[PDB]
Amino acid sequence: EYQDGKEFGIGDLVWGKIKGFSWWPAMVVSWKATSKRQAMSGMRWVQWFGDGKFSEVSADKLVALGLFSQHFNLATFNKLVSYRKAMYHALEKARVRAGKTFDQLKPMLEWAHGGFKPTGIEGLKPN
């Protein structure tokens, strides 16, 4: 699945961009998780943190969640509790995976905005 030469694989934490919304954190999933259909070549199914819904998104409309400060939207974060909830669940997941200990958002956000230290982006990988 997803053998199209384009970026991203199953389990990858990503920012995803669909019409009408800020960049939003998501996880790349298999089409079978979606009970929908196979993604068009060049595209990935993602499941969004916060609301748990699925979108089929172009691999060119996805970036690694690791590039955090570059896509974090501070205005959206201040404006929307749904975005703040989305950030928590996505960063929680980021934490567990990498090795990171530490309104409980604060040091998660700082750690994220700071570049996911000590581990770096490398510790965001799925397995």
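Numbering starts at 1 and follows the sequence shown.
- Just going by the entry, 91-99 versus 70-78 on mean CA temperature factor gives the higher value to 91-99.
- The PDB entry reports B-factors from which the mean C-alpha value can be compared for 44-52 and 30-38; the larger average falls on 30-38.
- Looking at the C-alpha B-factors along this chain, the one for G115 belongs to the middle third.
- The entry lists a Cα temperature factor for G16 that places it in the lowest third of the chain's modelled residues.
- For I10, the recorded CA B-factor ranks within the lowest third of the chain. Only modelled residues enter the ranking.
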